[PDB]
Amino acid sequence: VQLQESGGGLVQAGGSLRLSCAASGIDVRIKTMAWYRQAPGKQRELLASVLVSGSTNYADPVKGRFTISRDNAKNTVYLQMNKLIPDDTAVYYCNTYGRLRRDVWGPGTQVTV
């Protein structure tokens, strides 16, 4: 089993990027999914979460600019990233609660603005 992030790269500020998290061996329908990011010197930050109900929440630095969505069909979560500022540069991770509390992470995907 495993979560795998993709869709990162280099991009100019105020641009956009959509990150995806392909869940292979897990079922994103049955679990709260969240996105995270971590910058070279800092700790890992919760960004966004989507409840199984579809309800979303966001942390302040990104509210308005990013949107997290779950595609039950493709068993994948997405982070649409809009109007990117330099302080967004980081490696981005998606995760479930269970893996989160066990410090199990996918490879992550690097976003450089």
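Numbering starts at 1 and follows the sequence shown.
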property	result
79-87 set against 36-44, stretch whose average Cα temperature factor tops the other in the entry	79-87
Stretch exceeding the other in mean C-alpha B-factor - 5-13, 90-98	5-13
Third assignment of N72 from its chain's C-alpha B-factors	highest
Cα B factor band for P61 (lowest, middle or highest third within the chain)	middle
